[PDB]
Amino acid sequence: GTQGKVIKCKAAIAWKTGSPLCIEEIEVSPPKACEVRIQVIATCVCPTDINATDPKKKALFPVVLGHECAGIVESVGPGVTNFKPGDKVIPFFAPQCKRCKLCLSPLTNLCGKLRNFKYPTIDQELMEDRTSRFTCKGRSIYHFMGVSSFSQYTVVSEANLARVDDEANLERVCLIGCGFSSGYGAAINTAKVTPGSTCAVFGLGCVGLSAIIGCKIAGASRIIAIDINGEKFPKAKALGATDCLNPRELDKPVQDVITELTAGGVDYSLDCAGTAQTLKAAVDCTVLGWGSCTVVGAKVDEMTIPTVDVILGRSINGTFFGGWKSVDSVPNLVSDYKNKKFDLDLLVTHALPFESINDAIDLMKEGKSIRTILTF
């Protein structure tokens, strides 16, 4: 518990694929040079974590999952001076070393720290010196996307976290760790929505809803929300959607319907679902000449685009953590919440003990929730 000593605490480990999480007692070593050890206060489950338990996907085991959270600094490694015990922080999967070609360009938010560009979900699986800080029943355990928040205490790289306001409500600002930021920024930075434009958002979960918030703040005059589960519409409307459509209850392809309603198509579209049908429709429903499609979610490995479509004016791009330069922007999003610029409360549907983590996973797998807050 105290500095320099190994800690023993609760956690949830995935011993192998296609299986539920087990509650165990583990040992968390102290931080080394350029590392920080955090006490996790609140955390949520994200579809990216569950995706790791899918047998048809690539992943490593045994591992400690989790990447959306908020907490407090317990101790820091040798030579560290930008962090100290007591400070409130928020870690993330997108690093910002501030010391590379990519970090210097205003055209991207990627960083030279990343190594795998074909399978990012298995990158950052160990610390810089290529060793692990986790141990359980003798065996060494893998880290997950540089965070691993499903443990009371974790250790991260200085390039993977930021200090925030001393009076921040950690049981809510934890949403800034992944979901909210990714959707909000996709609209503002990646798609670059403009005043008076028309937008279309596919998928109404935490990401899609945050994208609607972003479009409204950017000044769009019309926002069309699409989802196969109609029960998600009321919450979308409370946040800014002006129209709603269920592909399942329509006679014609949903894109043909959108095209009719707008007399040609929308200026900007964002896919926050990621299926073969949503990706195709997201492109189809934009106006020719200057229509823009931004990819956010992706459950499939590829998309097929007709050649005549780009020749006629349509373009395609995608986002990574909402396009935010992580270390510099996260503090600012926290300040915005303080000033009531947007309400993170509507994104929370459940609250439960960390012990019941497996129930939160079922709820999400059943589309009966948005986000569930877990606490130790």
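From 1 onward, residues are counted along the sequence shown.
- Legend: mean Cα B-factor per stretch from the PDB entry, 185-193 versus 294-302; the higher mean is in 294-302.
- For the segment pair 277-285 and 126-134, the entry gives 126-134 the higher mean B-factor, averaged over Cα atoms.
- Taking only the listed residues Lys98, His143, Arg139, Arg163, the entry reports the highest CA temperature factor at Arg139.
- Highest C-alpha temperature factor among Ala42, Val327, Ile26, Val310, as the PDB entry reports it: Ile26.
- In this PDB entry, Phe61 carries a Cα temperature factor that places it within the highest third of its chain's modelled residues.
- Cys34: CA B factor in the middle third of modelled residues in this chain (values from the PDB entry).
- Ranked against the other modelled residues of its chain, the C-alpha B-factor of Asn51 as given in the entry falls in the highest third.
- The PDB entry assigns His350 a C-alpha temperature factor belonging to the highest third of its chain's modelled residues.
- Residue-level temperature factors show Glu158 in the middle third of its chain, judged at the C-alpha atom.
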